[PDB]
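Notes follow once the structure below has been shown.
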Amino acid sequence: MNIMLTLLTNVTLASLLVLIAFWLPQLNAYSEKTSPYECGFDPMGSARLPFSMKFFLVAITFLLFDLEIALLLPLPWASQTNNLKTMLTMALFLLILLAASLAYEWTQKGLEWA
Amino acid sequence: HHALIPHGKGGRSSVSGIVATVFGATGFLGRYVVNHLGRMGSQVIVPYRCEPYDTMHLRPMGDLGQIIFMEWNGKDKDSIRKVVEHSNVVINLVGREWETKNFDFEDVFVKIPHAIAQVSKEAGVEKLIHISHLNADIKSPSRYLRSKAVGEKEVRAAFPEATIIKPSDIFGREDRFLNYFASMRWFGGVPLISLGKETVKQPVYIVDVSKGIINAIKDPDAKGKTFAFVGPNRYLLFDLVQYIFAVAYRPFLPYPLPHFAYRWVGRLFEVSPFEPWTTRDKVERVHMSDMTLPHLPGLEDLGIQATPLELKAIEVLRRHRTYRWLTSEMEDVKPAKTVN
Ligand SMILES: NC(=O)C1=CN([C@@H]2O[C@H](COP(=O)(O)OP(=O)(O)OC[C@H]3O[C@@H](n4cnc5c(N)ncnc54)[C@H](OP(=O)(O)O)[C@@H]3O)[C@@H](O)[C@H]2O)C=CC1
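Quick look at the structure:
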C-alpha cells in the first residue's frame, strides 16, 4: 500500500501544480492568442490530418522485438537451474532467432524508411 | 478658446480638432472610443488609475503624440483639472458593474460624473458626453441603475449643455453580456428566472455605440440632447441566450431558478476580492427588461444604422466554441425569434 501512497502523493502534487498554474496568474484570453502556432502565419490544413509513417515496418517489427525482450527477461532466474546445458542452448537459440529476424529484416531492406 | 481647424483627409496623420479627455478609456467601450478618435487624427488624452501596462493596448490607436497618458484620481478634483484643462471635448465612460472596497455604485455613478461635469465647466470645455444606462430609474430594483439615474441629473445640473447617452446592453469582443451568458456553461445548466420568459433585452453593438459617441461630438446639435442607444431587435431573454448557446454550439440546458435563490447565488460570487463572476445587482439588471423610450433620439438620428446582433455575434462567441465547431460559418445558425 506504500507504493499506492507514493503514487497518490505524486499525482496530487502534480495536479496541485496544475491548479496553481491555472488559477494564480491574471488571465486575459482572446481568439488570436489561443490560435494554433504556425510560425506567425495561419496554418493551411488541420493538424489532425493523416501523417504518413515512413518507418511503419520498423514499428511492427519492434512489436515482435519487444515480445522477444519479454521472453528474455526471465533469464537471470533461469541460470539457477540444474539443466544449464539445456537452458543455455535454449537461451542462445532465442537470441540466434532474434538476430536472424533482425538480419532478414535488414537484408530485405526493411529497416530502411519510405 | 481651444478651437482647432480640421486639416488633412481624416486619416491617421490628419488633424480633426477633436482634442478629447476620455475618462475610463481603459475599458470595453473606451478602447473603441479612443480608436475611433485616434484614426481621425484627434489629440486624445487618456486618464488612467490602473498600471500603465493595462493602458498599453491604447498606444497604437493614434499617431505620434496623439495619445497622451496621464494619471488621475477620482477623489481628487485637482487631478481631473490637469487632464481636462486643454480639452474641447470630455467623454465620461468611468463605470464599474460591481461595488469595490473603496468605490461604491454611488461613488462611481454619482460622485465622479458630477466631479467631471463640474470641473469641465471650470476649465471651459465645450462639449461633454456622459454615458448612463437605458434602464436608469430613480426607483430601479438595482443600485447600479439607481446611481446611474442620480448621476444623470447631477451632470445636467453641473454641465447644462452636456450630451447624455443611455446604451442598452453593449455587446462586443470584450463584452460582459454575451460572454457572461456563454460562460455559464461551466456551471452546468443555465439558471434563468422564470426561464427567461419575462425579460426583453435590446442589446447594442460596441462599434455602433462608439460611432454614435463620435458622431455626437461631430454633430453640432447634440449639445443638451439625451440619446438612447438600442439595437434594432428586441429579444426574449430565453430566446437570446439560446441563440448565444446556438452559435457557440454548446448544449443549452435552461432550468428555472427562483429569484431568491438566484440572488443568494449572486451573493456567493461577491465574496471574491477580484472581479466577481456575477453580482446581485448583475442578476437584477439581467432579469430586468429593457425600457423603451421612443421620445429620445437613437443611433438613427446620428446617421449610424444599428447592426443586428446576428451579423456580429459570430465574432464574440467563436472563441467559446470547441475545436469541432470553430470553422462553422455564421449562416448555419438561424436567427432567434424577435419580439417586435
Ligand atoms: N454594456 C455595458 O457595459 C454598458 C455600460 N454602460 C456604462 O457606460 C460606460 C461604459 O464603460 P465600460 O466599457 O462598461 O467599462 P468597463 O466596465 O469595461 O471598465 C470600466 C472603466 O471605468 C474605469 N473606472 C471604473 N471605476 C473607476 C473608478 N472608481 N475610478 C477610476 N476609473 C474607474 C476603469 O478604469 P480601470 O480599468 O483602470 O479601473 C475602466 O476604464 C460605463 O460607465 C458603464 O457603466 C451603460 C450601458 C451599457
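Line by line, the protein sequences give chains A and B.
Heads up, the first sequence is in the UniProt record's numbering, so the first residue is 1 and it goes up one at a time.
Heads up, the second sequence is in the UniProt record's numbering, so the first residue is 32 and it goes up one at a time.
Backbone N, C-alpha and C fix where the C-beta goes; we use that ideal spot for every residue, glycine too.
Distance CB(B/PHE54)-CB(B/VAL125) smaller than 8 angstroms:
yes
What is the DSSP secondary structure of B/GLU157, counted as helix, strand or coil?
coil
Any chance the segment 227-235 of chain B sits against the segment 291-306 of chain B, with 3 or more Cβ pairs inside 8 angstroms?
no
How is B/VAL141 classed by DSSP in three states: helix, strand or coil?
helix
On the criterion of 16 or more Cβ atoms from any shown chain inside 10 Å, does B/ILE237 qualify as buried, or is it exposed?
buried
Just to confirm, are B/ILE98 and B/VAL75 a CB contact at a threshold of 8 angstroms?
yes
Could you tell me whether the segment 170-183 of chain B touches the segment 128-138 of chain B, where touching means 3 or more Cβ pairs closer than 8 angstroms?
yes
Any contact of the segment 162-171 of chain B with the segment 207-227 of chain B, i.e. 3+ C-beta pairs under 8 angstroms?
no
Looking only at its chain, what residues have a beta carbon closer than 6 angstroms to the beta carbon of B/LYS368, apart from the 5 residues adjacent to it on each side?
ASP270
Give the interface partners of B/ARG43 over in chain A, defined as CB-CB distance under 8 angstroms, in chain order.
The premise fails here: B/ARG43 is roughly 22 angstroms from chain A at the closest Cβ pair, so nothing lies under 8 angstroms.
Under 9 angstroms from the C-beta of A/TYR30: neighbouring residues of chain B
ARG204, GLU205, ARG350
Under a Cβ-count criterion, where at least 16 other Cβ atoms within 10 Å of its own Cβ denotes burial, should B/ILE49 be classed as buried or exposed?
buried
Check the C-beta distance from B/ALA337 over to B/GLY262 and give it rounded, since I have them as a contact under 8 angstroms.
5 angstroms
Bridge partners for B/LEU267 per DSSP, in chain order?
B/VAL231
Identify the residues that DSSP records as bridge partners of B/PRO287: which are they?
B/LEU223
Does the beta-carbon of A/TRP23 have 16 or more other beta-carbons within 10 angstroms, so that it is buried, or is it exposed?
exposed
For A/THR6, report the span of its alpha helix (DSSP H) as first-last.
2-23
Under the rule that 16 or more other beta-carbon atoms within 10 Å means buried, what is A/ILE60, buried or exposed?
exposed
Taking DSSP's pairing of strands, which residues face B/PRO78 in a bridge?
B/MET101
Just to check, is the beta-carbon of B/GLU128 closer than 7 angstroms to a non-hydrogen atom of ligand 1?
yes
Provide the residue span of the alpha helix (DSSP H) that contains B/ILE111, from first to last.
108-115
The beta strand (DSSP E) with B/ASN123 in it runs from where to where?
120-123
Over the uninterrupted beta strand (DSSP E) stretch that includes B/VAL53, give me the two end residues.
51-54
With DSSP collapsed to three states, give me the class of B/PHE258.
strand
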